[PDB]
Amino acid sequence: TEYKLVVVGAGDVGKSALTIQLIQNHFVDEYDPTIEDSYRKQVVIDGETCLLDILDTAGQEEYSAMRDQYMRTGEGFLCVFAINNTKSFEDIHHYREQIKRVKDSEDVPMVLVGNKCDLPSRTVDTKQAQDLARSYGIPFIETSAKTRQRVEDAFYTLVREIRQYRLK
């Protein structure tokens, strides 16, 4: 029943930073007497219980067996690039296309995120990213994990996209 969110994108774009900040602000301790220690942590976003996973394909993950499994399991995807890393923006399309193939679906809940919007060394313009999101039919949000701008907004937006998809 939980909303299954997957954060995906190139290395070093801030996927871990964004996810850690989200957890810090949204984790709760839940009483559950059907488990050994009687309490478990969960993340609740916009009234919805959420599971969170990060899909990397670089570094250690260039050796993983699990890429396609993450894409099959995930329900909605936060597609992250960094606004000072043109290659990370170019890499978005590959991840989206892979997700659609693995899920065998034209309709998958996604949000495009341009992270590191605090930085002055921008090489990806807001309009380039807007154009990409418009083509996909999805929201685009600029965020900063460093300055804590729109981090919550990005995850809330994805939760809404999943909720809408579940109504279809």
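Numbers for residues come from their place in the sequence shown, where the first is 1.
> For the stretches 141-149 and 11-19, which has the higher mean C-alpha B-factor as given in the deposited record?
Replying inline: Mean CA B-factor is higher for 141-149.
>> So, looking at the entry's B-factor column for Cα atoms, which has the higher mean, 107-115 or 35-43?
In response: Looking at the recorded C-alpha B-factors, 35-43 comes out higher on average.
>> Among the modelled residues of this chain, does the Cα B factor of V28 put it in the lowest, middle or highest third?
In response: Its C-alpha B-factor belongs to the highest third of this chain's values.
>> For the chain shown, is the CA B-factor of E48 in the lowest, middle or highest third of its modelled residues?
In response: Its C-alpha B-factor belongs to the highest third of this chain's values.
>> Going by the CA temperature factor in the PDB record, which third of the chain does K4 belong to: lowest, middle or highest?
In response: Lowest third of the chain for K4's C-alpha B-factor.
> What third of the chain, by the recorded C-alpha B-factor, contains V102?
Replying inline: It falls in the top third of the chain.
> By its CA B factor, does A58 count among the lowest, middle or highest third of the modelled residues in the chain?
Replying inline: For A58, whose C-alpha B-factor we compare with every modelled residue in the chain, the answer is the highest third.
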